[PDB]
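In what follows, a structure is listed as structure tokens, so that the remarks can point back to it.
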Amino acid sequence: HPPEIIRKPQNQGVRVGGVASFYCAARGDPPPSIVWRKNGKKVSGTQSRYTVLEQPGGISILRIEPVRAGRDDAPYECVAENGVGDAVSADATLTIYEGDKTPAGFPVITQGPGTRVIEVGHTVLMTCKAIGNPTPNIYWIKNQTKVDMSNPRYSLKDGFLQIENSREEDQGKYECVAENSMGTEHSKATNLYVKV
């Protein structure tokens with residue numbers, strides 16, 4: 001059976017020097033593989049600044065950082081192939097904004113997470129203060145992948161990430177992402193250290 005894309009990548013508008021990422025998810029029988037194309041050519045995670053992350057659920061993420069004007073702004077494609085003769089694809093473009101040429105209402109992170117040390121068993125609240133029009137959605141990434149918010153110790157409070165009863169496992173490099181219809185901004189990433 002032909003594969004189907006259950007989550008299409010979305011156009012991204014990002015500031016020069018920032019982080020861009022596209023998400024794609026596909027499934028099928030036989031199970032499909034996902035590849036990313038840029039200007040019609042395969043993208044390889046072997047090249048610097050480009051990273052391809054796979055996760056269970058048929059998920060592939062293309063992450064680019066830092067983005068360079070003239071180099072990374074292009075139409076991309078997610079292509080899901082089953083290896084037996086069928087493929088499907090979905091397009092998404094990366095638009096890069098230099099200087100103050102951002103769309104009006106583009107998300108601004110006025111305070112991102114800062115370097116923090118927390119004692120085991122203590123609660124930490126990581127700040128992400130962002131503004132935009134529309135009001136931005138906020139989500140959290142640790143070590144390049146979305147934080148699993150189904151963890152009962154993790155929750156969002158007005159966009160801030162709360163980790164209760166911290167464990168050594170929680171340590172890592174966190175960033176928040178502020179997104180709306182006008183663009184996407186990643187905060188600088190910072191270390192959470194858990195002191196035992």
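Ligands are numbered from 1 in the order shown, residues from 1 within each chain, and chains are lettered A, B, ... in the order they appear in the structure tokens.
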Point to revise | Contact residues around residue 191 of chain A with only C-alpha atoms at 10 Å, ignoring same-chain residues under 3 positions, as an NGL selection string | key: :A and (113-117 or 142-143 or 171-175 or 194)
Restricted to N, CA, C and O atoms, what would the selected residues look like written as a short mmCIF file (atom, residue, chain, number, x, y, z; two decimals), in the first residue's frame?
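Resulting contents of selection19.cif:
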```cif
data_model
loop_
_atom_site.label_atom_id
_atom_site.label_comp_id
_atom_site.auth_asym_id
_atom_site.auth_seq_id
_atom_site.Cartn_x
_atom_site.Cartn_y
_atom_site.Cartn_z
N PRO A 113 15.34 30.71 28.45
CA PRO A 113 15.85 29.99 29.62
C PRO A 113 17.29 30.41 29.88
O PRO A 113 18.06 30.63 28.94
N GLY A 114 17.66 30.55 31.14
CA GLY A 114 19.04 30.87 31.46
C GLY A 114 19.73 29.67 32.07
O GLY A 114 19.06 28.74 32.53
N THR A 115 21.06 29.69 32.07
CA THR A 115 21.82 28.66 32.77
C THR A 115 21.34 28.54 34.22
O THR A 115 21.27 29.52 34.97
N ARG A 116 20.99 27.32 34.60
CA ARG A 116 20.43 27.06 35.91
C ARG A 116 21.09 25.83 36.52
O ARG A 116 21.50 24.91 35.82
N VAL A 117 21.23 25.85 37.84
CA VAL A 117 21.60 24.67 38.60
C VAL A 117 20.43 24.40 39.52
O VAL A 117 19.90 25.32 40.14
N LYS A 142 14.73 19.73 24.43
CA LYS A 142 15.98 19.46 25.12
C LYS A 142 16.88 18.64 24.19
O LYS A 142 16.43 17.67 23.59
N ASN A 143 18.14 19.05 24.05
CA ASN A 143 19.09 18.29 23.23
C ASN A 143 18.56 18.07 21.82
O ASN A 143 18.66 16.96 21.27
N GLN A 171 18.88 16.70 33.31
CA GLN A 171 19.93 17.62 32.90
C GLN A 171 20.03 17.62 31.39
O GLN A 171 19.67 16.64 30.72
N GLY A 172 20.51 18.74 30.84
CA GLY A 172 20.64 18.86 29.40
C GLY A 172 20.57 20.30 28.91
O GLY A 172 20.47 21.25 29.68
N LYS A 173 20.62 20.45 27.59
CA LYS A 173 20.58 21.76 26.97
C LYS A 173 19.17 22.04 26.46
O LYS A 173 18.67 21.35 25.58
N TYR A 174 18.52 23.04 27.05
CA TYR A 174 17.13 23.36 26.75
C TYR A 174 17.03 24.64 25.96
O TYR A 174 17.80 25.58 26.15
N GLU A 175 16.03 24.70 25.09
CA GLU A 175 15.70 25.95 24.44
C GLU A 175 14.18 25.99 24.32
O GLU A 175 13.54 24.94 24.30
N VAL A 194 21.92 19.46 37.24
CA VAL A 194 21.23 18.92 38.40
C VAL A 194 22.30 18.44 39.37
O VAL A 194 23.08 17.55 39.06
#
```
Exercise for review: List the neighbours of residue 112 of chain A out to 12 Å using only C-alpha atoms; skip same-chain residues closer than 3 positions along the sequence, and give me the result as a PyMOL selection string.
Suggested key: chain A and resi 108-109+115-116+125-131+138-140+159-161+174-178+185-191
Next, the residues of the selection above should be written as an mmCIF file, in the first residue's frame with N, CA, C and O atoms.
```
data_model
loop_
_atom_site.group_PDB
_atom_site.id
_atom_site.type_symbol
_atom_site.label_atom_id
_atom_site.label_comp_id
_atom_site.auth_asym_id
_atom_site.auth_seq_id
_atom_site.Cartn_x
_atom_site.Cartn_y
_atom_site.Cartn_z
ATOM 1 N N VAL A 108 8.978 37.486 19.330
ATOM 2 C CA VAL A 108 10.188 37.998 19.960
ATOM 3 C C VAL A 108 10.288 37.308 21.317
ATOM 4 O O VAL A 108 9.328 37.297 22.079
ATOM 5 N N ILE A 109 11.428 36.685 21.593
ATOM 6 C CA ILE A 109 11.664 36.099 22.923
ATOM 7 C C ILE A 109 12.454 37.129 23.720
ATOM 8 O O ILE A 109 13.621 37.379 23.427
ATOM 9 N N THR A 115 21.060 29.686 32.066
ATOM 10 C CA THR A 115 21.823 28.665 32.773
ATOM 11 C C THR A 115 21.336 28.539 34.219
ATOM 12 O O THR A 115 21.268 29.524 34.965
ATOM 13 N N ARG A 116 20.989 27.317 34.602
ATOM 14 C CA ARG A 116 20.431 27.056 35.912
ATOM 15 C C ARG A 116 21.092 25.825 36.522
ATOM 16 O O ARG A 116 21.502 24.908 35.818
ATOM 17 N N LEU A 125 11.709 26.158 37.386
ATOM 18 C CA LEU A 125 10.787 26.758 36.436
ATOM 19 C C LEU A 125 11.640 27.512 35.449
ATOM 20 O O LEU A 125 12.301 28.483 35.813
ATOM 21 N N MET A 126 11.649 27.054 34.204
ATOM 22 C CA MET A 126 12.463 27.698 33.190
ATOM 23 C C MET A 126 11.636 28.717 32.450
ATOM 24 O O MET A 126 10.520 28.435 31.989
ATOM 25 N N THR A 127 12.196 29.913 32.335
ATOM 26 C CA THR A 127 11.477 31.025 31.764
ATOM 27 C C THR A 127 11.579 31.037 30.264
ATOM 28 O O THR A 127 12.644 30.780 29.691
ATOM 29 N N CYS A 128 10.445 31.311 29.636
ATOM 30 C CA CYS A 128 10.417 31.695 28.236
ATOM 31 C C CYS A 128 9.380 32.787 28.091
ATOM 32 O O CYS A 128 8.177 32.526 28.154
ATOM 33 N N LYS A 129 9.855 34.015 27.917
ATOM 34 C CA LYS A 129 8.975 35.159 27.751
ATOM 35 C C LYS A 129 9.026 35.599 26.302
ATOM 36 O O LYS A 129 10.086 35.959 25.791
ATOM 37 N N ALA A 130 7.876 35.556 25.639
ATOM 38 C CA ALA A 130 7.809 35.862 24.223
ATOM 39 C C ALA A 130 6.575 36.686 23.917
ATOM 40 O O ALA A 130 5.569 36.592 24.611
ATOM 41 N N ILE A 131 6.656 37.498 22.872
ATOM 42 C CA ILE A 131 5.515 38.302 22.457
ATOM 43 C C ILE A 131 5.348 38.115 20.963
ATOM 44 O O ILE A 131 6.299 37.755 20.270
ATOM 45 N N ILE A 138 4.240 28.417 22.602
ATOM 46 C CA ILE A 138 5.570 28.104 23.121
ATOM 47 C C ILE A 138 5.724 26.610 23.307
ATOM 48 O O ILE A 138 4.856 25.967 23.885
ATOM 49 N N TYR A 139 6.832 26.055 22.836
ATOM 50 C CA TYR A 139 7.169 24.694 23.225
ATOM 51 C C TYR A 139 8.652 24.553 23.551
ATOM 52 O O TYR A 139 9.455 25.444 23.246
ATOM 53 N N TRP A 140 9.003 23.447 24.212
ATOM 54 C CA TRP A 140 10.343 23.251 24.746
ATOM 55 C C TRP A 140 11.071 22.074 24.098
ATOM 56 O O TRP A 140 10.471 21.054 23.787
ATOM 57 N N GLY A 159 3.676 29.217 29.406
ATOM 58 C CA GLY A 159 4.837 29.100 28.539
ATOM 59 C C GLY A 159 6.146 28.707 29.214
ATOM 60 O O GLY A 159 7.087 28.284 28.543
ATOM 61 N N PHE A 160 6.221 28.846 30.531
ATOM 62 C CA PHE A 160 7.421 28.446 31.266
ATOM 63 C C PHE A 160 7.417 26.932 31.472
ATOM 64 O O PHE A 160 6.356 26.352 31.690
ATOM 65 N N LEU A 161 8.592 26.300 31.440
ATOM 66 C CA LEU A 161 8.677 24.847 31.641
ATOM 67 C C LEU A 161 8.931 24.564 33.109
ATOM 68 O O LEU A 161 9.935 25.001 33.660
ATOM 69 N N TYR A 174 18.524 23.040 27.049
ATOM 70 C CA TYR A 174 17.131 23.357 26.754
ATOM 71 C C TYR A 174 17.027 24.643 25.960
ATOM 72 O O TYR A 174 17.802 25.575 26.148
ATOM 73 N N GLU A 175 16.030 24.705 25.090
ATOM 74 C CA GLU A 175 15.698 25.949 24.435
ATOM 75 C C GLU A 175 14.182 25.986 24.325
ATOM 76 O O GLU A 175 13.542 24.938 24.297
ATOM 77 N N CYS A 176 13.601 27.182 24.297
ATOM 78 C CA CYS A 176 12.181 27.289 23.963
ATOM 79 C C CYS A 176 12.006 27.808 22.549
ATOM 80 O O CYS A 176 12.901 28.429 21.983
ATOM 81 N N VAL A 177 10.841 27.531 21.991
ATOM 82 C CA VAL A 177 10.519 27.944 20.628
ATOM 83 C C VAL A 177 9.223 28.728 20.689
ATOM 84 O O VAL A 177 8.237 28.253 21.255
ATOM 85 N N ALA A 178 9.238 29.941 20.138
ATOM 86 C CA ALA A 178 8.034 30.761 20.091
ATOM 87 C C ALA A 178 7.590 30.823 18.636
ATOM 88 O O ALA A 178 8.383 31.185 17.772
ATOM 89 N N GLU A 185 10.798 31.525 16.276
ATOM 90 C CA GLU A 185 12.035 31.941 16.905
ATOM 91 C C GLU A 185 12.431 30.930 17.978
ATOM 92 O O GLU A 185 11.619 30.588 18.839
ATOM 93 N N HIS A 186 13.659 30.419 17.891
ATOM 94 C CA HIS A 186 14.220 29.565 18.949
ATOM 95 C C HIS A 186 15.058 30.424 19.895
ATOM 96 O O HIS A 186 15.804 31.286 19.435
ATOM 97 N N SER A 187 14.959 30.185 21.203
ATOM 98 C CA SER A 187 15.801 30.921 22.137
ATOM 99 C C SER A 187 17.204 30.363 22.009
ATOM 100 O O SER A 187 17.404 29.316 21.404
ATOM 101 N N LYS A 188 18.188 31.048 22.571
ATOM 102 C CA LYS A 188 19.488 30.414 22.702
ATOM 103 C C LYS A 188 19.315 29.245 23.669
ATOM 104 O O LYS A 188 18.466 29.295 24.569
ATOM 105 N N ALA A 189 20.094 28.186 23.461
ATOM 106 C CA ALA A 189 20.004 26.988 24.291
ATOM 107 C C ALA A 189 20.907 27.134 25.501
ATOM 108 O O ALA A 189 22.016 27.654 25.383
ATOM 109 N N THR A 190 20.440 26.667 26.657
ATOM 110 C CA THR A 190 21.240 26.761 27.889
ATOM 111 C C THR A 190 21.209 25.483 28.711
ATOM 112 O O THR A 190 20.256 24.706 28.664
ATOM 113 N N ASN A 191 22.268 25.278 29.478
ATOM 114 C CA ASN A 191 22.402 24.084 30.290
ATOM 115 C C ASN A 191 21.631 24.129 31.604
ATOM 116 O O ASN A 191 21.711 25.104 32.355
#
```
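Within 10 Å of residue 78 of chain A, once only C-alpha atoms are used and residues closer than 6 positions along the same chain are dropped, the contacting residues are residues 5, 8, 9, 22, 23, 24, 25, 26, 34, 35, 36, 37, 38, 42, 60, 61, 62, 88, 89, 90, 91 and 92 of chain A.
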Could the residues in this selection be written to a file with N, CA, C and O atoms, as a PDB file, in the first residue's frame?
```pdb
ATOM      1  N   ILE A   5       1.456  10.674   4.378  1.00  0.00           N
ATOM      2  CA  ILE A   5       2.083  11.626   5.265  1.00  0.00           C
ATOM      3  C   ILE A   5       1.010  12.090   6.242  1.00  0.00           C
ATOM      4  O   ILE A   5       0.006  12.669   5.841  1.00  0.00           O
ATOM      5  N   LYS A   8       2.455  16.946   7.632  1.00  0.00           N
ATOM      6  CA  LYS A   8       3.209  17.620   6.583  1.00  0.00           C
ATOM      7  C   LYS A   8       4.095  18.689   7.188  1.00  0.00           C
ATOM      8  O   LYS A   8       3.706  19.334   8.163  1.00  0.00           O
ATOM      9  N   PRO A   9       5.274  18.906   6.591  1.00  0.00           N
ATOM     10  CA  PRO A   9       6.084  20.034   7.045  1.00  0.00           C
ATOM     11  C   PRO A   9       5.389  21.343   6.691  1.00  0.00           C
ATOM     12  O   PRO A   9       4.574  21.400   5.759  1.00  0.00           O
ATOM     13  N   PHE A  22      11.941  21.584  10.187  1.00  0.00           N
ATOM     14  CA  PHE A  22      10.755  21.072   9.519  1.00  0.00           C
ATOM     15  C   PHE A  22      10.439  19.697  10.098  1.00  0.00           C
ATOM     16  O   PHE A  22      11.344  18.911  10.368  1.00  0.00           O
ATOM     17  N   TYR A  23       9.156  19.406  10.272  1.00  0.00           N
ATOM     18  CA  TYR A  23       8.728  18.107  10.769  1.00  0.00           C
ATOM     19  C   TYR A  23       7.927  17.399   9.706  1.00  0.00           C
ATOM     20  O   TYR A  23       7.104  18.013   9.019  1.00  0.00           O
ATOM     21  N   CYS A  24       8.161  16.099   9.585  1.00  0.00           N
ATOM     22  CA  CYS A  24       7.359  15.261   8.723  1.00  0.00           C
ATOM     23  C   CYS A  24       7.110  13.943   9.424  1.00  0.00           C
ATOM     24  O   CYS A  24       7.992  13.427  10.115  1.00  0.00           O
ATOM     25  N   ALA A  25       5.912  13.400   9.259  1.00  0.00           N
ATOM     26  CA  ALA A  25       5.636  12.056   9.762  1.00  0.00           C
ATOM     27  C   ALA A  25       4.855  11.278   8.728  1.00  0.00           C
ATOM     28  O   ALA A  25       3.931  11.800   8.113  1.00  0.00           O
ATOM     29  N   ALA A  26       5.251  10.022   8.531  1.00  0.00           N
ATOM     30  CA  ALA A  26       4.621   9.172   7.541  1.00  0.00           C
ATOM     31  C   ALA A  26       4.483   7.763   8.078  1.00  0.00           C
ATOM     32  O   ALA A  26       5.172   7.353   9.020  1.00  0.00           O
ATOM     33  N   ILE A  34      11.586   8.237   5.186  1.00  0.00           N
ATOM     34  CA  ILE A  34      11.463   9.651   4.844  1.00  0.00           C
ATOM     35  C   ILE A  34      12.815  10.217   4.454  1.00  0.00           C
ATOM     36  O   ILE A  34      13.823   9.955   5.117  1.00  0.00           O
ATOM     37  N   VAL A  35      12.851  10.964   3.358  1.00  0.00           N
ATOM     38  CA  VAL A  35      14.035  11.740   3.020  1.00  0.00           C
ATOM     39  C   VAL A  35      13.626  13.199   2.794  1.00  0.00           C
ATOM     40  O   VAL A  35      12.475  13.483   2.468  1.00  0.00           O
ATOM     41  N   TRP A  36      14.578  14.107   2.988  1.00  0.00           N
ATOM     42  CA  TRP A  36      14.364  15.542   2.766  1.00  0.00           C
ATOM     43  C   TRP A  36      15.095  15.973   1.504  1.00  0.00           C
ATOM     44  O   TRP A  36      16.212  15.518   1.243  1.00  0.00           O
ATOM     45  N   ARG A  37      14.447  16.813   0.702  1.00  0.00           N
ATOM     46  CA  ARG A  37      15.062  17.370  -0.493  1.00  0.00           C
ATOM     47  C   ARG A  37      15.097  18.898  -0.393  1.00  0.00           C
ATOM     48  O   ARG A  37      14.219  19.503   0.206  1.00  0.00           O
ATOM     49  N   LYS A  38      16.143  19.508  -0.936  1.00  0.00           N
ATOM     50  CA  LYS A  38      16.278  20.959  -0.933  1.00  0.00           C
ATOM     51  C   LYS A  38      16.606  21.340  -2.352  1.00  0.00           C
ATOM     52  O   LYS A  38      17.582  20.832  -2.914  1.00  0.00           O
ATOM     53  N   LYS A  42      18.624  15.605  -2.524  1.00  0.00           N
ATOM     54  CA  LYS A  42      18.615  15.046  -1.171  1.00  0.00           C
ATOM     55  C   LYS A  42      19.456  15.852  -0.197  1.00  0.00           C
ATOM     56  O   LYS A  42      20.578  16.240  -0.506  1.00  0.00           O
ATOM     57  N   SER A  60      10.384  12.340  11.043  1.00  0.00           N
ATOM     58  CA  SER A  60      11.682  12.871  10.653  1.00  0.00           C
ATOM     59  C   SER A  60      11.712  14.389  10.837  1.00  0.00           C
ATOM     60  O   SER A  60      10.752  15.086  10.487  1.00  0.00           O
ATOM     61  N   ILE A  61      12.808  14.895  11.395  1.00  0.00           N
ATOM     62  CA  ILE A  61      12.977  16.341  11.596  1.00  0.00           C
ATOM     63  C   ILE A  61      14.237  16.808  10.884  1.00  0.00           C
ATOM     64  O   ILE A  61      15.300  16.210  11.043  1.00  0.00           O
ATOM     65  N   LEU A  62      14.113  17.845  10.062  1.00  0.00           N
ATOM     66  CA  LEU A  62      15.287  18.495   9.505  1.00  0.00           C
ATOM     67  C   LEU A  62      15.527  19.774  10.283  1.00  0.00           C
ATOM     68  O   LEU A  62      14.663  20.638  10.348  1.00  0.00           O
ATOM     69  N   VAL A  88       5.159   9.622  -1.781  1.00  0.00           N
ATOM     70  CA  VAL A  88       4.346  10.822  -1.642  1.00  0.00           C
ATOM     71  C   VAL A  88       5.252  11.927  -1.129  1.00  0.00           C
ATOM     72  O   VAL A  88       6.239  11.661  -0.450  1.00  0.00           O
ATOM     73  N   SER A  89       4.948  13.177  -1.447  1.00  0.00           N
ATOM     74  CA  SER A  89       5.807  14.232  -0.933  1.00  0.00           C
ATOM     75  C   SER A  89       4.992  15.446  -0.568  1.00  0.00           C
ATOM     76  O   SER A  89       3.875  15.630  -1.063  1.00  0.00           O
ATOM     77  N   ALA A  90       5.580  16.275   0.281  1.00  0.00           N
ATOM     78  CA  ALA A  90       4.951  17.528   0.698  1.00  0.00           C
ATOM     79  C   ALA A  90       5.984  18.640   0.716  1.00  0.00           C
ATOM     80  O   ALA A  90       7.101  18.445   1.177  1.00  0.00           O
ATOM     81  N   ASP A  91       5.609  19.807   0.208  1.00  0.00           N
ATOM     82  CA  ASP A  91       6.535  20.926   0.081  1.00  0.00           C
ATOM     83  C   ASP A  91       6.446  21.841   1.285  1.00  0.00           C
ATOM     84  O   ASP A  91       5.372  22.007   1.865  1.00  0.00           O
ATOM     85  N   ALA A  92       7.579  22.457   1.617  1.00  0.00           N
ATOM     86  CA  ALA A  92       7.626  23.555   2.577  1.00  0.00           C
ATOM     87  C   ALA A  92       8.836  24.413   2.280  1.00  0.00           C
ATOM     88  O   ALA A  92       9.900  23.907   1.945  1.00  0.00           O
TER      89      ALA A  92
END
```
Point to revise | Residue list (strand (DSSP E or B), DSSP) for segment 8-127 of chain A, as a PyMOL selection string | key: chain A and resi 12-15+20-27+33-38+41-42+50-55+59-64+75-81+87-97+108-111+116-119+124-126
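Between residue 86 of chain A and the candidates A:29, A:148, A:169, A:65, the tightest atom-to-atom separation, counting only C-alpha atoms, involves A:29.
Excluding residue 96 of chain A and any residue on its chain fewer than 2 positions from it, the residues at most 8 Å away by only C-alpha atoms are residues 13, 14, 15, 16, 67, 68, 69, 72, 73, 94 and 98 of chain A.
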Dump as a JSON list (two decimals), in the first residue's frame, selection limited to N, CA, C and O atoms:
```json
[["chain", "number", "residue", "atom", "x", "y", "z"],
["A", 13, "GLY", "N", 9.39, 30.77, 8.57],
["A", 13, "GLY", "CA", 10.02, 32.07, 8.42],
["A", 13, "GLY", "C", 10.88, 32.25, 9.66],
["A", 13, "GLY", "O", 10.38, 32.16, 10.77],
["A", 14, "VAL", "N", 12.17, 32.45, 9.45],
["A", 14, "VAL", "CA", 13.16, 32.48, 10.53],
["A", 14, "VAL", "C", 14.11, 33.67, 10.37],
["A", 14, "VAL", "O", 14.35, 34.13, 9.25],
["A", 15, "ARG", "N", 14.69, 34.15, 11.47],
["A", 15, "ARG", "CA", 15.65, 35.24, 11.37],
["A", 15, "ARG", "C", 17.02, 34.68, 11.01],
["A", 15, "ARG", "O", 17.38, 33.57, 11.42],
["A", 16, "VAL", "N", 17.78, 35.44, 10.24],
["A", 16, "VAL", "CA", 19.15, 35.02, 9.92],
["A", 16, "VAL", "C", 19.91, 34.73, 11.22],
["A", 16, "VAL", "O", 19.74, 35.43, 12.22],
["A", 67, "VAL", "N", 21.02, 29.40, 10.52],
["A", 67, "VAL", "CA", 20.60, 29.56, 9.13],
["A", 67, "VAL", "C", 21.35, 30.73, 8.49],
["A", 67, "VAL", "O", 21.64, 31.72, 9.15],
["A", 68, "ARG", "N", 21.69, 30.57, 7.21],
["A", 68, "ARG", "CA", 22.45, 31.56, 6.47],
["A", 68, "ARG", "C", 21.60, 32.05, 5.32],
["A", 68, "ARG", "O", 21.07, 31.25, 4.54],
["A", 69, "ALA", "N", 21.47, 33.37, 5.20],
["A", 69, "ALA", "CA", 20.82, 33.96, 4.05],
["A", 69, "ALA", "C", 21.61, 33.62, 2.80],
["A", 69, "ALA", "O", 22.84, 33.60, 2.82],
["A", 72, "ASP", "N", 20.45, 28.84, 2.80],
["A", 72, "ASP", "CA", 19.47, 27.88, 3.31],
["A", 72, "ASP", "C", 18.02, 28.17, 2.93],
["A", 72, "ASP", "O", 17.16, 27.30, 3.09],
["A", 73, "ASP", "N", 17.74, 29.38, 2.46],
["A", 73, "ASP", "CA", 16.38, 29.71, 2.07],
["A", 73, "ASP", "C", 16.05, 29.09, 0.71],
["A", 73, "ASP", "O", 16.67, 29.44, -0.30],
["A", 94, "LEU", "N", 11.66, 27.45, 3.35],
["A", 94, "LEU", "CA", 12.31, 28.24, 4.42],
["A", 94, "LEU", "C", 12.53, 29.65, 3.90],
["A", 94, "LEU", "O", 13.25, 29.84, 2.92],
["A", 98, "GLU", "N", 16.47, 38.97, 7.07],
["A", 98, "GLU", "CA", 17.62, 39.72, 7.55],
["A", 98, "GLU", "C", 17.16, 40.97, 8.30],
["A", 98, "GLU", "O", 16.11, 41.53, 7.99]]
```
Check your understanding: Mind pulling up the distance from atom CA of residue 66 of chain A to atom CA of residue 48 of chain A?
Key ->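 Between atom CA of residue 48 of chain A and atom CA of residue 66 of chain A the gap works out to 9.8 Å.
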